[PDB]
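This report refers to the structure that appears directly beneath it.
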Amino acid sequence: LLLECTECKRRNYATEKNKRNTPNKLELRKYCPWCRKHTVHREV
Amino acid sequence: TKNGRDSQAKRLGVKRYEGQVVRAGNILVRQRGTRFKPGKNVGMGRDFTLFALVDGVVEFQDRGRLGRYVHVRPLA
Amino acid sequence: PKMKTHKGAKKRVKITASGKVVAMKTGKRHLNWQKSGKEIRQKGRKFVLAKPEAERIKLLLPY
Amino acid sequence: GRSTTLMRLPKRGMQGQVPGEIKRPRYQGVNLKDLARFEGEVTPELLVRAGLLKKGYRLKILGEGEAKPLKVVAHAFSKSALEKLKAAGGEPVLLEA
RNA sequence: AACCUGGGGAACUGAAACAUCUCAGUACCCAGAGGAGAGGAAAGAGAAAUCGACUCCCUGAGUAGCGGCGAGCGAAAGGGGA
RNA sequence: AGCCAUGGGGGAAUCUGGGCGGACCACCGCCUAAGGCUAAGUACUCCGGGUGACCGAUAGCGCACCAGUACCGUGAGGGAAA
RNA sequence: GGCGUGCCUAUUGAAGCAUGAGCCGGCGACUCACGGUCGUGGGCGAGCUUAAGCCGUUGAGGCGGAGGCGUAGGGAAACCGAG
RNA sequence: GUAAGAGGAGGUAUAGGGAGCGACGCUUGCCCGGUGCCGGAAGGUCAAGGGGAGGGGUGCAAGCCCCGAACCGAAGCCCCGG
RNA sequence: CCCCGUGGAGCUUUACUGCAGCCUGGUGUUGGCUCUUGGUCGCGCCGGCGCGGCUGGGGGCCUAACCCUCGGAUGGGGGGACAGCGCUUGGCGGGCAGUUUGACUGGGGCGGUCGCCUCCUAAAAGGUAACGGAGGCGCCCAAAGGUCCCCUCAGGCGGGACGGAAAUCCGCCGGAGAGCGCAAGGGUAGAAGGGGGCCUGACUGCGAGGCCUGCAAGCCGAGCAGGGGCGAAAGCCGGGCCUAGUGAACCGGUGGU
Ligand SMILES: [Mg+2]
Ligand SMILES: [Mg+2]
Ligand SMILES: [Mg+2]
Ligand SMILES: [Mg+2]
Ligand SMILES: [Mg+2]
Ligand SMILES: [Mg+2]
Ligand SMILES: [Mg+2]
Ligand SMILES: [Mg+2]
Ligand SMILES: [Mg+2]
Ligand SMILES: [Mg+2]
Ligand SMILES: [Mg+2]
Ligand SMILES: [Mg+2]
Ligand SMILES: [Mg+2]
Ligand SMILES: [Mg+2]
Ligand SMILES: [Mg+2]
Ligand SMILES: [Mg+2]
Ligand SMILES: [Mg+2]
Ligand SMILES: [Mg+2]
Ligand SMILES: [Mg+2]
Ligand SMILES: [Mg+2]
Ligand SMILES: [Mg+2]
Ligand SMILES: [Mg+2]
Ligand SMILES: [Mg+2]
Ligand SMILES: [Mg+2]
Ligand SMILES: [Mg+2]
Ligand SMILES: [Mg+2]
Ligand SMILES: [Mg+2]
Ligand SMILES: [Mg+2]
Ligand SMILES: [Mg+2]
Ligand SMILES: [Mg+2]
Ligand SMILES: [Mg+2]
Ligand SMILES: [Mg+2]
Ligand SMILES: [Mg+2]
Ligand SMILES: [Mg+2]
Ligand SMILES: [Mg+2]
Ligand SMILES: [Mg+2]
Ligand SMILES: [Mg+2]
Ligand SMILES: [Mg+2]
Ligand SMILES: [Mg+2]
Ligand SMILES: [Mg+2]
Ligand SMILES: [Mg+2]
Ligand SMILES: [Mg+2]
Ligand SMILES: [Mg+2]
Ligand SMILES: [Mg+2]
Ligand SMILES: [Mg+2]
Ligand SMILES: [Mg+2]
Ligand SMILES: [Mg+2]
Ligand SMILES: [Mg+2]
Ligand SMILES: [Mg+2]
Ligand SMILES: [Mg+2]
Ligand SMILES: [Mg+2]
Ligand SMILES: [Mg+2]
Ligand SMILES: [Mg+2]
Ligand SMILES: [Mg+2]
Ligand SMILES: [Mg+2]
Ligand SMILES: [Mg+2]
Ligand SMILES: [Mg+2]
Ligand SMILES: [Mg+2]
Ligand SMILES: [Mg+2]
Ligand SMILES: [Mg+2]
Ligand SMILES: [Mg+2]
Ligand SMILES: [Mg+2]
Ligand SMILES: [Mg+2]
Ligand SMILES: [Mg+2]
Ligand SMILES: [Mg+2]
Ligand SMILES: [Mg+2]
Ligand SMILES: [Mg+2]
Ligand SMILES: [Mg+2]
Ligand SMILES: [Mg+2]
Ligand SMILES: [Mg+2]
Ligand SMILES: [Mg+2]
Ligand SMILES: [Mg+2]
Ligand SMILES: [Mg+2]
Ligand SMILES: [Mg+2]
Ligand SMILES: [Mg+2]
Ligand SMILES: [Mg+2]
Ligand SMILES: [Mg+2]
Ligand SMILES: [Mg+2]
Ligand SMILES: [Mg+2]
Ligand SMILES: [Mg+2]
Ligand SMILES: [Mg+2]
Ligand SMILES: [Mg+2]
Ligand SMILES: [Mg+2]
Ligand SMILES: [Mg+2]
Ligand SMILES: [Mg+2]
Ligand SMILES: [Mg+2]
């Protein structure tokens, strides 16, 4: 499935793949942006 | 029929042999599993590729029980 | 009478001051999805051609 | 005989636009190593008047070689070449109006 | 005879099929003009507070661009001339 | 996707007028549409002449000769030999 | 007396029962223009070169720098520059 | 036939066009789900156009300019029956 | 005849795309009066009555455009703002036009196949063909991933309330015949397998050097920097034991500097 992560209060995406009906409605895994470094990532 | 199908050749094997100079990174051996093992100055990667970790000559160790290893004996 | 430059190539290939022919790497516009950071990072840059490189130059002409 | 080796791909962002080329002041790089070639007051008029300019609307002196102490008018200089000569003579800059 | 201008206007062919595109506003048909014909004294150029009708040659330039951005097509201003 | 042109529909103003400067707007600037004429530079070669590292009768024009003939086709038209 | 399977073409292979040709004479097929790219003979050299055209000549050349190639690259670009 | 027009026909449903069968005798069965045709003032979708909530670009503004929801909009198709 | 050529042409259709034709909405040609439903602005009057321009729709009537016709008519009669024609909208449209309608192939057709992975064929490097012999792929996982820690199978025999051919349990033998998501293979417990605790490196910026290779592509990869994760730490992490799980370029979608 097409899942494109997004940075909070900013603008930066990421390579992903959510799963269909499988237990996964919202994802909140960490990462590492360009501007500054390390910030929580919500789905959307 | 229902046959005549196949997957392209994967060209794997010992790439450097015992007593060849090699630079760092040189793929030493490409392999189906751990038909060989790393060892001295010799790393290995996702596929099981073994590769020099410093320039130097290669050598092959048999160790029975423990399996076969490959190393670079460095020098400069 | 005066060969015309091949615009298609102009539009996608530079001929370097020494004489090389540079292009953008293929494979980085939608096969894309999950491909290692490495994968698509590596696709980011230009490369150098070979025998077609000579074919290439033949078009880019008054160019 | 097949799908050509234009498998490669236009990067040349800004290929065109209907009315196309946008007139805009272009600068001709001339080194102050080919400047040493003489003595006086080097100016756009001169470098083109004979040698290494050629109607390229704008003179920009720069780069390699050693700067002969003298006036050298131009439309722009190199951070590096400004030095070279500023450390031995006059750097007078382009027009304005 | 050919040259010219206006009205009309193909296809083979190229694209290694083909339909857009190309061939080509060509071949040809028609009307008219004439020793030529057209064009012609800016409701212009296009970036310089610049040029100064029109036509022709050189150049600009295979550039700017156009293009199933394929095959291909392909200017102008400016500069040198008549 | 402006500019020029215009088949259909709506439809102004006369210099506080209009048009253009590549959607559009503001600025700046350019030009004055909806009447007409204008030589030269240019194109061509039936015609006359001059010249050829152009032909020399299977060549050169189809024709050096009584050839657009003889002959062939209802015809458009084809078209020699010498 | 010894020896000896036409010519061309086309073919894995032709004397070939494969193609073409009665014979002779004459006609008969890799050109030129522009632009590319190598090589080569030469002129000049960080330069080199003129196009139309004008003047000359009437198998004489010269003028003509507009312009082109080169002297800086890198970037999509702004830009920066021996980087 | 682009048109003007002509043929139909200087005819008028006992006529004219199309289609199939093919003197004459006896006859011609069932299946409208699909296709065609015919019918169906409802409904559904449906283009230009009308409409203009709402949003935009620009200007100091008056404005200029663009995008655009509901809603109205034929035939056709859907649907309903023969 | 037969095949072949990305040759031709005639024919067909619910092949593709047009074109004629035909149907159609708006609009120009295009006018008058009247009745009634909806809108519209001002006023009189407590969402409704009266009025005019504007109307949009629908009904009716008119005549003078336009059309037909009448012993030639600046007219009479019939039709009538319709039709016809112009522009434009969408439809139906082999009547017609241009074309398309793959390759392999012990001839072609029919059948089958077409990319990727595994094994054999393959002759002990690599690579090898056949309409040779056999099987898979077009996914799956946020726990099936990172790291720290911990434990080790299948099976055979003996024993156990249901159940014993095989649940779960104790014992003894048991080096791997299990497991490792899925095919096959190579690898593997001195873990890559089972269980836990914390976690998201299924990172950004790169990339010495190689494998492989006609090209394009594919593959491996130390290390540098940035900022992180688990660990006391040495260290390990740029997804998953590995090898399939895919698609140049154009054109376009969304979000950003
Ligand atoms: Mg095979
Ligand atoms: Mg690693
Ligand atoms: Mg791994
Ligand atoms: Mg890893
Ligand atoms: Mg060179
Ligand atoms: Mg990047
Ligand atoms: Mg050039
Ligand atoms: Mg192909
Ligand atoms: Mg002509
Ligand atoms: Mg073709
Ligand atoms: Mg072809
Ligand atoms: Mg061809
Ligand atoms: Mg014409
Ligand atoms: Mg005349
Ligand atoms: Mg004259
Ligand atoms: Mg004249
Ligand atoms: Mg005239
Ligand atoms: Mg005037
Ligand atoms: Mg004019
Ligand atoms: Mg002046
Ligand atoms: Mg294409
Ligand atoms: Mg053209
Ligand atoms: Mg002259
Ligand atoms: Mg002249
Ligand atoms: Mg404008
Ligand atoms: Mg008009
Ligand atoms: Mg402008
Ligand atoms: Mg203004
Ligand atoms: Mg003459
Ligand atoms: Mg003559
Ligand atoms: Mg003759
Ligand atoms: Mg003779
Ligand atoms: Mg003659
Ligand atoms: Mg006769
Ligand atoms: Mg014989
Ligand atoms: Mg023979
Ligand atoms: Mg033959
Ligand atoms: Mg012969
Ligand atoms: Mg014979
Ligand atoms: Mg040449
Ligand atoms: Mg009649
Ligand atoms: Mg009639
Ligand atoms: Mg009649
Ligand atoms: Mg009759
Ligand atoms: Mg009967
Ligand atoms: Mg029956
Ligand atoms: Mg009802
Ligand atoms: Mg609003
Ligand atoms: Mg505003
Ligand atoms: Mg404002
Ligand atoms: Mg307002
Ligand atoms: Mg409404
Ligand atoms: Mg309808
Ligand atoms: Mg309807
Ligand atoms: Mg072919
Ligand atoms: Mg064909
Ligand atoms: Mg009313
Ligand atoms: Mg009405
Ligand atoms: Mg009415
Ligand atoms: Mg009436
Ligand atoms: Mg009447
Ligand atoms: Mg009446
Ligand atoms: Mg009258
Ligand atoms: Mg009536
Ligand atoms: Mg064709
Ligand atoms: Mg075939
Ligand atoms: Mg067969
Ligand atoms: Mg088949
Ligand atoms: Mg093998
Ligand atoms: Mg082998
Ligand atoms: Mg190899
Ligand atoms: Mg081989
Ligand atoms: Mg679990
Ligand atoms: Mg699990
Ligand atoms: Mg038991
Ligand atoms: Mg864990
Ligand atoms: Mg490398
Ligand atoms: Mg590499
Ligand atoms: Mg690393
Ligand atoms: Mg670090
Ligand atoms: Mg830190
Ligand atoms: Mg590791
Ligand atoms: Mg694991
Ligand atoms: Mg394409
Ligand atoms: Mg496209
Ligand atoms: Mg899209």
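Here, A, B, ... name the chains of the structure tokens in the order displayed, residue numbers run from 1 inside each chain, and ligands are numbered from 1 in the same displayed order.
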Requested in this report: Would you please give, as a ChimeraX atom specification, all residues of chain C that DSSP assigns to strand (DSSP E) based on the backbone?
Outcome: /C:14-15,21-24,46-48
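The list of residues with at least one atom within 12 Å of residue E:27, based on only C-alpha atoms (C1' of nucleotides) and without residues fewer than 5 positions apart in the same chain, reads residues 9, 10, 11 and 12 of chain E.
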Requested in this report: Write out as a PyMOL selection string each polymer residue (protein, DNA or RNA) that has an atom no more than 9 Å from ligand 15, with only C-alpha atoms (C1' of nucleotides) and all ligand atoms counted.
Outcome: (chain E and resi 35-36) or (chain F and resi 40+42)
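Where the distance criterion is 8 Å and the atoms used are only C-alpha atoms (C1' of nucleotides) and all ligand atoms, the residues close to ligand 70 are residues 122, 124, 125 and 126 of chain I.
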Query - Residues within 9 Å of residue F:19, only C-alpha atoms (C1' of nucleotides), excluding chain neighbours under 5 positions, as a ChimeraX atom specification - result: /E:43 /F:31-33
Query raised in the report: Once you count only C-alpha atoms (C1' of nucleotides) and all ligand atoms, which residues end up within 10 Å of ligand 37, and could you hand them over as a PyMOL selection string?
Result: chain G and resi 10+18-19
Identify, on the basis of only C-alpha atoms (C1' of nucleotides), every residue whose closest approach to residue C:5 does not exceed 8 Å; exclude the query and any residue fewer than 6 positions from it along the same chain; express the result as a PDB file with N, CA and C atoms (P, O5', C5', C4', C3', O3' and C1' of nucleotides), in the first residue's frame.
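After the write, selection_9.pdb holds the following:
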```pdb
ATOM      1  N   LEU C  59      25.528  13.323 -33.079  1.00  0.00           N
ATOM      2  CA  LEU C  59      24.367  14.208 -33.184  1.00  0.00           C
ATOM      3  C   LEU C  59      24.747  15.604 -32.690  1.00  0.00           C
ATOM      4  N   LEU C  60      24.802  15.812 -31.377  1.00  0.00           N
ATOM      5  CA  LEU C  60      25.201  17.115 -30.842  1.00  0.00           C
ATOM      6  C   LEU C  60      26.365  17.690 -31.670  1.00  0.00           C
ATOM      7  N   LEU C  61      26.066  18.663 -32.517  1.00  0.00           N
ATOM      8  CA  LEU C  61      26.963  18.890 -33.626  1.00  0.00           C
ATOM      9  C   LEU C  61      27.530  20.288 -33.794  1.00  0.00           C
ATOM     10  N   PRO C  62      26.762  21.209 -34.400  1.00  0.00           N
ATOM     11  CA  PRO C  62      27.265  22.543 -34.058  1.00  0.00           C
ATOM     12  C   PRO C  62      27.335  22.765 -32.507  1.00  0.00           C
ATOM     13  N   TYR C  63      26.881  21.755 -31.751  1.00  0.00           N
ATOM     14  CA  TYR C  63      26.808  21.814 -30.285  1.00  0.00           C
ATOM     15  C   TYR C  63      28.084  21.379 -29.574  1.00  0.00           C
TER      16      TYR C  63
ATOM     17  P     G E  62      25.196  27.285 -37.408  1.00  0.00           P
ATOM     18  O5'   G E  62      24.626  25.855 -37.796  1.00  0.00           O
ATOM     19  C5'   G E  62      24.159  24.958 -36.806  1.00  0.00           C
ATOM     20  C4'   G E  62      22.768  25.293 -36.336  1.00  0.00           C
ATOM     21  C3'   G E  62      22.175  24.283 -35.357  1.00  0.00           C
ATOM     22  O3'   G E  62      21.262  24.975 -34.502  1.00  0.00           O
ATOM     23  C1'   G E  62      20.767  24.436 -37.168  1.00  0.00           C
TER      24        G E  62
END
```
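With a cut-off of 9 Å and using only C-alpha atoms (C1' of nucleotides) and all ligand atoms, the polymer residues contacting ligand 33 are residues 61, 63 and 64 of chain F.
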For N, CA, C and O atoms (P, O5', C5', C4', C3', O3' and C1' of nucleotides), I'd like the residues from the last selection saved as a PDB file, in the first residue's frame.
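Output file result_31.pdb follows:
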```pdb
ATOM      1  P     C F  61      22.230  16.999 -73.201  1.00  0.00           P
ATOM      2  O5'   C F  61      21.302  17.506 -74.374  1.00  0.00           O
ATOM      3  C5'   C F  61      20.290  16.674 -74.906  1.00  0.00           C
ATOM      4  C4'   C F  61      19.088  17.478 -75.327  1.00  0.00           C
ATOM      5  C3'   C F  61      17.913  16.683 -75.851  1.00  0.00           C
ATOM      6  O3'   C F  61      17.084  16.215 -74.809  1.00  0.00           O
ATOM      7  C1'   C F  61      18.282  18.659 -77.144  1.00  0.00           C
ATOM      8  P     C F  63      18.191  13.372 -79.855  1.00  0.00           P
ATOM      9  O5'   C F  63      17.630  14.183 -81.105  1.00  0.00           O
ATOM     10  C5'   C F  63      17.062  13.494 -82.205  1.00  0.00           C
ATOM     11  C4'   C F  63      16.683  14.426 -83.323  1.00  0.00           C
ATOM     12  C3'   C F  63      17.687  15.510 -83.674  1.00  0.00           C
ATOM     13  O3'   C F  63      18.681  15.037 -84.555  1.00  0.00           O
ATOM     14  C1'   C F  63      15.500  16.409 -83.555  1.00  0.00           C
ATOM     15  P     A F  64      20.194  15.525 -84.410  1.00  0.00           P
ATOM     16  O5'   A F  64      20.382  16.440 -85.697  1.00  0.00           O
ATOM     17  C5'   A F  64      20.034  17.817 -85.662  1.00  0.00           C
ATOM     18  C4'   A F  64      21.017  18.651 -86.445  1.00  0.00           C
ATOM     19  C3'   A F  64      21.398  18.085 -87.802  1.00  0.00           C
ATOM     20  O3'   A F  64      21.739  19.160 -88.674  1.00  0.00           O
ATOM     21  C1'   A F  64      23.303  18.216 -86.464  1.00  0.00           C
TER      22        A F  64
END
```
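Residues in contact with ligand 40 (atom pairs separated by at most 9 Å; only C-alpha atoms (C1' of nucleotides) and all ligand atoms) are residues 34, 35 and 36 of chain G.
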Requested in this report: For stretch 26-28 of chain D, please output as a count of residues only all residues within 8 Å (counting only C-alpha atoms (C1' of nucleotides); exclusion window: fewer than 3 positions along the same chain).
Outcome: 6
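All chain G residues having an atom within 12 Å of chain C, based on only C-alpha atoms (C1' of nucleotides), amount to residues 33, 34, 35, 36, 37, 68, 69, 72, 73, 74, 75 and 76 of chain G.
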Query - Distance filter 9 Å around ligand 67, atoms: only C-alpha atoms (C1' of nucleotides) and all ligand atoms, out as a ChimeraX atom specification - result: /I:105-109
Now that the selection is made, can you save its residues with C-alpha atoms (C1' of nucleotides) as a PDB file, in the first residue's frame?
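Okay, again37.pdb is ready:
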```pdb
ATOM      1  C1'   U I 105       7.742 -22.396 -34.512  1.00  0.00           C
ATOM      2  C1'   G I 106      12.113 -29.660 -37.296  1.00  0.00           C
ATOM      3  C1'   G I 107       6.865 -25.584 -43.356  1.00  0.00           C
ATOM      4  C1'   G I 108       2.659 -22.449 -41.854  1.00  0.00           C
ATOM      5  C1'   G I 109      -2.140 -22.859 -38.984  1.00  0.00           C
TER       6        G I 109
END
```
Requested in this report: To one decimal in Å, tell me the separation between atom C1' of residue I:79 and atom 1 (Mg, counted along the ligand's line) of ligand 64.
Outcome: 6.5 Å
